[PDB]
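Student: structure of the sequence below:
(chains A, B, C, D, E, F, G, H and I)
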Amino acid sequence: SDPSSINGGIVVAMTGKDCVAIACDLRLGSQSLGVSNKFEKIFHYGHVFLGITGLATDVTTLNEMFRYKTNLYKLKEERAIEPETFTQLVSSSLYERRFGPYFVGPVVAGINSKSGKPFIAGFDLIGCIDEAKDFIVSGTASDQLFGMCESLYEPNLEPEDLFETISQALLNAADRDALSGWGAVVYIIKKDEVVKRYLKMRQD
Amino acid sequence: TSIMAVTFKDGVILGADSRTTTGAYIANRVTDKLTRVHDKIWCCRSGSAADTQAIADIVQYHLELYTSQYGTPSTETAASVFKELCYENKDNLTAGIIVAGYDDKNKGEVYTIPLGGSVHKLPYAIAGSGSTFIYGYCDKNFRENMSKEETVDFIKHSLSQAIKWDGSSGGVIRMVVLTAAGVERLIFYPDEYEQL
Amino acid sequence: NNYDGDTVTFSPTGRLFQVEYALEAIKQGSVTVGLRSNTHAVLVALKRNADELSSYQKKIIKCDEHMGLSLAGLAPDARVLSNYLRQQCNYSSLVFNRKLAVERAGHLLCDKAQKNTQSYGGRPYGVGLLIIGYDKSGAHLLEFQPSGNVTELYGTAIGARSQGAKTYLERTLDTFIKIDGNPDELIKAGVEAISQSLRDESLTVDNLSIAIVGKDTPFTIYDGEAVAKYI
Amino acid sequence: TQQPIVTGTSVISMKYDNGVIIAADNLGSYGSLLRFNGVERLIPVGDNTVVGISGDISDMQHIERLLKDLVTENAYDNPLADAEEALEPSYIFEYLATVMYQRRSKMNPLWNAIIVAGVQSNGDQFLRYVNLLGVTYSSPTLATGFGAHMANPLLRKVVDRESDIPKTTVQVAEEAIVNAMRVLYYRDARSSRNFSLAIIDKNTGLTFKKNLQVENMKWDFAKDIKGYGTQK
Amino acid sequence: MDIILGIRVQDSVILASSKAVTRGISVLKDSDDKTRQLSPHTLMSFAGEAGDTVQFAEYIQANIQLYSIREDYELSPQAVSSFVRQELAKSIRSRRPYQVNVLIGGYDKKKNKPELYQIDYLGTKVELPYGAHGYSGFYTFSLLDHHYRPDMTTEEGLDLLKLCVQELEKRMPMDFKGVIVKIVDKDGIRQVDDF
Amino acid sequence: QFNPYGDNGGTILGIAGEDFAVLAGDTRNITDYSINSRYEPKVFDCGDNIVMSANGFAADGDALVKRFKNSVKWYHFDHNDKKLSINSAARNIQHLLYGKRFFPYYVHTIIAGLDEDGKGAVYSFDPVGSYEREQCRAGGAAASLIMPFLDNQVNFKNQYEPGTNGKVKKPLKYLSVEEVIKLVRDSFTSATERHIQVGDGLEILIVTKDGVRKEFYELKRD
Amino acid sequence: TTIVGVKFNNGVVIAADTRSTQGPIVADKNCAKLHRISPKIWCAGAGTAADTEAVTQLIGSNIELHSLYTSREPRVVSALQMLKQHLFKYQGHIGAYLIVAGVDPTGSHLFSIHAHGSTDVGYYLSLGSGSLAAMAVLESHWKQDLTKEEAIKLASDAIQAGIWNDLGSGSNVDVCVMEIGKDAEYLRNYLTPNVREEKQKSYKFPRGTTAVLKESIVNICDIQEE
Amino acid sequence: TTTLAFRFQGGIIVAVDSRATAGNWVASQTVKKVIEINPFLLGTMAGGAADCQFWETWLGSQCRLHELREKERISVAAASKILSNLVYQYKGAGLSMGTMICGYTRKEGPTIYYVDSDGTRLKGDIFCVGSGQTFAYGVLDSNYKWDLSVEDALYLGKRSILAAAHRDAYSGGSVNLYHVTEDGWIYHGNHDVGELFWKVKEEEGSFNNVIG
Amino acid sequence: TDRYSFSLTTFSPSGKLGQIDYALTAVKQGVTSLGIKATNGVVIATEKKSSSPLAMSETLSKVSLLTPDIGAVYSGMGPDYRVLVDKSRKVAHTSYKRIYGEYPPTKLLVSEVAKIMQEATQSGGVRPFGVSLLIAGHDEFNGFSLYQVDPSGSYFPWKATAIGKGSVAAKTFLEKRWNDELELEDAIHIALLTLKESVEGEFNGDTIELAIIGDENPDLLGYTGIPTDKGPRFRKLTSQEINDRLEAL
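Tutor: Residues are numbered from 1 along each chain as shown, chains lettered A, B, ... in the order given. The relevant structure is shown in the block below.
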């Protein structure tokens, strides 16, 4: 059908004060049939976190693509790449294959080490940088995510207010969507310390 | 949209409207459809808008170089340049150009190029898509070898009819006059011919 | 000095030495004599074998059903040109329905030879061809140099000891043009001509090769028992 | 792809004892509008061959370009190529043929139909046909387009086969071609009163008679007809 | 299409592929193998589009063996899977795709553990303790949740597999004429002659 | 749009003799309901005792015939005036057809002459290549009118003896070239009546080992 | 997306919305839409969201090249003629509809460019989905010879017409005012209509509300050595 | 069209019919569909007449050329896996194939391979190909025996084609028999379907849809 | 055309490439140029020379801007400097700026210009560049930074350095005047002063070109209203400005 709804997937991302959090589901389907409840859609190059939604194979292709580009950045200029600089590379890689593109929708989430600001950004198929300082949502339960996320969220949250909001936001769209859910992992990204917390949730 | 050019005793006078419709919404209404491609050889553009302009830039590049190496082009020369770009990309570049100009040796000449790209010399030309309403007017009341005053009214009066019967023709009537005296622009606003 | 192993460099005496050296490829080749009239042209060639058990080297090459070339230079170099003449003969027939003119076929030939004498790593062709043919302008005999220069002649020769044949023809020049409609004699006057280039080489049924072209004859090569009535 | 845009009418023709006649009219219609009048479709080539072109006006112009280059090409080298190796009609034909085939293969055709009308140096008549499919044939009567089934029948009633070419003289042929322009002019809805005419003879050279009109039309009958059948 | 199940018990990967091959209206051959030995302890089973399958199974087996004779050390299942993933990625961007679904089972002698992997026609690698491709998949992923236990032995695992086959045999309206079983384990790659 | 192939009709009949060959075809040249020309050959001599006809759509017919008469020329040139067999002509023709298989030729091509047993051969090809040595075969529009008749009179197909009643097949006939020629014109007279793509002129190339003879005979013109 | 570009006596003022959409859903309440070819050549873009941002970045690249290769200011025409040429090759497969504006030494300019390579010139042009609405307001209030303080008001009310009546347009209204031989001023968030009310309550939650299955700490740091 | 081969313990009987078509009418009935690749390999023409006839002759170029380089006549398996690779380039270019390359070598015995348009390459020991492949299978497979005689295996071939000829519209003409031994193929003559039909019926007392 | 596809940079028999050494010879013929890296800027200075006094040196650029943060200054051939400044601009934008959205770090751009040097020792038909550049710049991660790119194709980071015909004298003077802490006003005071013991023609602000990569300017940016962007840290000083500071030596 849709080339970005044939295995589903979602990514939600939110900012708080002095922290960000990003989270994905763990579902890989082939249409109707569930194949796996343990495929990641979040990856980490350094202290940047890149969540990638959309078609199954291009999540994986694109992970090893940026794995290649992040290595050459770090080696030449002798530091881990910053969130803001990286966002520009996520845009260009999509745009190079302007026709017949990568059928993804990534989410960049970090906290800059040079300024200490939460910073997040988004992309469509072709990739238009979507600034925010709220939250950016992407995937196949994104219509639901945009409503749900906005309603709970209060501008700026504490590092563990932020775990309760982005967890509920993700659960409630994911159990009203058919191609999302089925086990999920929520990350809380503070300055220097990332915790990966799997979530108890509905498998049916 | 209506474009025309008429030969007369002192040279050739070019004529255009200024409405460019796309759909029902008029994008621009002060369009200057009369383009200089040398300095005594001006053209008239009609048809697919981006594809006429693209060609014209290339023709301009050809003639600027032609001047600089071989000497000044003629109406004939410029029209030829035009034809061979429409002719060799004739499936996808869709252009009706009227190339009109004043030579210092042969006076005014007019060529008409339709969408296939075939040159044809004419003592006045009309091409467009608003010029299918004034076809019978232009032939009956036209005379070859008219004095200046007459010519300017002949092209006004036709475009006034084109405006009236074609709603893809409108706004200002622009005329550029090419003569040995030089290069003179006239502009006629709507009350000035809607009066008639 | 190094003007002589470079085909791109002159030569303070205003030459190139390579085309000249290439012109000496013709002198060490074998002899051939051509003579033509207004209705028939003839090539009379002396083939030359290496030893007793070796065969004799064909020296008239059929180019078409009305065009023939004969070498007198080096054989490997002649195999590049023979195709080229065939190629432009079939292209002229194919496209323009025209049995390729002899005179125009010379002009093509020039420019193939020139473009390798202009270019380094290239060489002038060491072969020099005599090219006969029958078109609507009549019969013609061309002499092609390694230079790429073509000239049009009542009769000529190239090879080894070519000068003596040119003499036999310079005399007998005004006899054979006024022979017309009698190929028998035209063939006979060239046998006497190539006999002045011998030096006890004789002419047998294995040495002599004649080929003719007519207004009533296509291209034919006689050899074996067909030149044994013209010894 | 290429499909017709601006199109001519028909070029019509027949053989007679000492040469060939060929005639075409002066029209570029752009469908409904009959937009170019006095733009000629017969192109004399050489000095004894008239090559009459139907179909596309665009394409036709660009094949006149190649004919002119071809006279330039045959003249080169040789001074006797304007006397006894001139451009024969079979020559002008062969190049036009071969061009059509090769353009057909790349699937962008030069959309024309050509008659190549002449007389050989041998004195033989030559009238030979090519079209945009690449098809060739000779006949005693030949016609492009719509005229290949309108004009062609009338012409072909004078010369039926290859043994009435000797018996058809320059004056019966002149008449038949005039007549067939007029037959077309009634029943063909893209036509023009002006037409050019060439007459190719084997002793007076090529004569190129321009700017004839069609006359002696019938209309005298049309005051009698009233209604469509119910109305009288 | 054709059956293609994997099941990874604590000491062996048990792969199975269908015997029957039906090209045209008629089964033409009834015992054809649909596997290729890549490495002594790495096995690849295939089913997919007729005539892509032969070329893609033999292509990958040339390249993996070349890499093995070079270092004299066979690549992990983990590695094999990724190289497999990579070509299928490339093939849907290319003019005509290879649409060949493969289950890769290998014994990893470096973790000293058996491992199973699933790579679909699009090129998605997934580790899984059992897997399946095509319509075959639909009847056995549910039946396998019921009886599978991670700590099983091989002979337990063989009777589970003959349960799986049995369920397919009735409920599938396409004949497969039973499976051929091939086991991949640390003593080599062996076969079972019982269905 | 563009459509790149037509049809120009006509029909051919190649009959492989026993010591002769005959290749006949009508010379009627048409497009749609128009008669282009009364007479315009569809049987071409190629020389070296092989006749060739490609009938179908004219434009391919002219070019593939043409590309064969060069492959004749080049053979004489580089293999040094060796004889070109009918048998070697066939194999060669197959590559000419097959060279274009994606924008293919449109003509049924039949060749005939005498090969290296001195017996008549006719080889007939399908448009994208393939060929088969036949004893008789037709091609073209009207070919299925002419074929089942020719099978009746030559190969005596389905004719049994009188008084046996099927227990014995009717004995074969040794032919001469005039016996056959009679039969060609008549089968064509039928096809012309009963089909609209046949008529005008009938042109019969005969190959004998004494040279290639060309004999014209008229049909009805309709 | 409502984007006006209004020429005036001493310059040009170009203003746009802050809404970026992805389908019917509002991606971003506030996002930039005015981008910078060159410091004196601004542009805003309408049509397809990625192909606005990249094509500006790209002819941006080559002009910056070009301005420094010539040791002179980069002209409005320089930009215009490269855009134009570049868009025509793909024959209108790259979806961008830009209002291009700017000042240079040879005066004030204002252009519009379609996705193929039509270019028009008025003293007021608009592109977007808002185009229609924008344009209406302009033709009533506008005259020849407007002052700055006049111009900016005309630009603002013009985008506000855009917001009320077009749904592809909304949120805040951005302005950038350029005058000839004076610095180019970016007034992002000039005029804010549609200021979001207070939500009826907080939807904050006590600790422990959701259920964790497991927890871990995962490392973003390099390997250390004691 | 209906083409078959089956191994037994003497080698491989290859049998084909000789009528082909175009349209709904008999184009030819003189066509032989047993294309000699080698004098030790027989290949069959089914599907498209041109494509099978062209390539199978090219395979025999590459077979002849193999013998020269390695000084050793090719295996049956090596022949098939040249053709499969070549074919597979022309996939999605409209190329239809449908051949079996059958050979007897001393290192493989009798072997049959089927090659396909698609580029499948299957080994197996009874392969029936054509529009009438359904009707060949029946008679073959109900009386197949590995331990079979050479007189009896040519008659089992004969009869699989004669059922197929009878019921399929497009088969007919003649039946061709080949016995492939180690020392190359022997041709076991031509049997017209016209003459054959009524002799088999008189002998076996089979056929009793058909009046008699 | 071409018919050269073999290097003309070749090793000598006792080692060392002959050609990269010769190319370095052409550099020490040329003008004297210096660069002093301070804690808050980098100052660079060079001397301007003309064919004749009828030639202007105000329309000639012996200091160029590559990006708004990283400038260049040379000693060596004028022509080689010209092409090597342009190819650097083109590769600065095409091999990083498009992709990463910001201008290259000073180190990263230095690294790129060093491969261009390399491909004019390597690859047939070419000879090495005949300039040594100082590429001074500022990036966010190395602070201010000074490099010296040479025809060899290697680069070395410096604290202050000299190249040209006065190079040996210059660096002996620079040894004694480099201090750990140098303010931007002090840095200018050493660099003019060093260059003055390497001048024997006219000494005026019209013959001495000086450029600072000091600290940033929101007045040569061309706009205001984005506080992310802070203008050119590169700022070439006109003749008059340099001239005030010559009277204050």
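Student: need the three-state assignment for the residue of chain F found nearest chain E.
Tutor: Residue nearest to chain E within chain F: residue F:102 (15.5 Å; Cβ to the nearest Cβ). C-beta here means a position set from N, CA and C on the backbone, and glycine is covered the same way. Following DSSP: H, G, I helix; E, B strand; the rest coil, residue F:102 is assigned to coil.
Student: contact partners of stretch D:80-97?
Tutor: With Cβ atoms under 8 Å, 6 or more residues apart in numbering or on different chains as the test, stretch D:80-97 has contacts from C:95-98, C:101, C:103, C:135-137, D:45-49, D:51, D:63, D:66-67, D:70-71, D:74-75, D:78, D:114, D:116-121, D:126, D:128, D:130, D:134, D:136.
Student: in chain F, which spans are strands?
Tutor: F:11-16, F:21-26, F:29-31, F:34-37, F:44-45, F:50-55, F:108-114, F:120-126, F:129-134, F:136-140, F:201-208, F:211-218 (DSSP state E).
Student: scratch that, chain C is what I was asking about
Tutor: Using DSSP E, strands in chain C cover C:32-36, C:41-46, C:61-62, C:67-70, C:130-135, C:138-144, C:150-152, C:155-158, C:208-213, C:220-222.
Student: still on that earlier bit, now for the strands of chain F, which one comes closest to chain I?
Tutor: strand F:129-134 (44.2 Å).
Student: and residue B:156, what element?
Tutor: helix B:148-165 (DSSP states H and E).
Student: before we move on, back to that, and the contacts of stretch D:80-97, which of them are buried?
Tutor: C:96-98, C:101, C:103, C:135, C:137, D:45-46, D:48-49, D:51, D:63, D:67, D:70, D:74, D:78, D:114, D:116-119, D:126, D:128, D:130, D:134, D:136 (16 or more other Cβ atoms under 10 Å in any protein chain shown).
Student: in strands, which of the residues you listed fall?
Tutor: Those of the buried ones among the contacts of stretch D:80-97 lying in strands (DSSP E): C:135, D:45, D:49, D:51, D:114, D:116-119, D:126, D:128, D:130, D:136.
Student: contact partners for residue F:181?
Tutor: Residue F:181 neighbours (Cβ under 8 Å, 6+ apart): F:22, F:204, F:206, F:215.
Student: ok, back up a step: nearest to residue G:3, out of the strands of chain C?
Tutor: strand C:150-152 (73.2 Å; Cβ to Cβ).
Student: can you give me the buried ones in that closest one?
Tutor: Within strand C:150-152, judged by 16+ other Cβ under 10 Å, the buried ones are residue C:150.
Student: what strands line up against that strand, and which way round?
Tutor: Strand C:150-152 has its sheet partners listed here by DSSP bridges as strand C:138-144 (antiparallel).
Student: hang on, the earlier thing: so who does the residue of chain F closest to chain E touch?
Tutor: Here residue F:102 is in contact with H:93, H:94 (Cβ under 8 Å, 6+ apart).
Student: same check, this time on residue D:29
Tutor: Per Cβ under 8 Å, 6+ apart, neighbours of residue D:29: D:6, D:7, D:8, D:9, D:35, D:36, D:190.
Student: wait, residue I:207 sits on residue I:48?
Tutor: Yes - when contacts are counted by Cβ atoms under 8 Å, residue I:207 is listed as touching residue I:48 (5.4 Å).
Student: hey, what's in contact with both of the two?
Tutor: residue I:57.
Student: who has more neighbours, the two?
Tutor: A side-by-side neighbour count of residue I:207 and residue I:48, using other Cβ atoms under 10 Å in any protein chain shown, places residue I:48 first with 20 against 16.
Student: quickly note the distance from the more buried one to chain G.
Tutor: Distance of residue I:48 to chain G, computed by Cβ to the nearest Cβ, to the nearest Å: 16 Å.
Student: looking at it, that residue is touching residue I:209, isn't it?
Tutor: Yes - contact criterion Cβ under 8 Å: residue I:48 and residue I:209 qualify, at 5.2 Å.
Student: SS state for the residue in chain G that chain D sits nearest to?
Tutor: Here the residue of chain G nearest chain D is residue G:91; by Cβ to the nearest Cβ that distance is 15.7 Å. At residue G:91, secondary structure determined by three-state DSSP is coil.
Student: near it, how many other residues are there?
Tutor: 14.
Student: center of chain A, which residue is that?
Tutor: Using Cα atoms, centre = their mean, the residue of chain A that lies closest to the mean C-alpha position is residue A:51, 2.8 Å off.
Student: quick one: residue I:57 and residue I:47 touch, right?
Tutor: No - Residue I:57 lies out of contact with residue I:47 (Cβ under 8 Å); the separation is 9.8 Å.
Student: surely residue H:106 and residue H:182 touch.
Tutor: Yes - using Cβ under 8 Å, residue H:106 is in contact with residue H:182, at 6.5 Å.
Student: now do the helices in chain A.
Tutor: Here chain A has its helices, by DSSP state H, at A:56-77, A:83-96, A:142-152, A:162-174.
Student: who does the third one touch, helix- and strand-wise?
Tutor: If contacts are counted by 3 or more Cβ pairs under 8 Å, 6 or more residues apart in numbering or on different chains; DSSP states H and E, helix A:142-152 sits against strand A:10-15, strand A:135-139, helix A:162-174, strand G:25-28.
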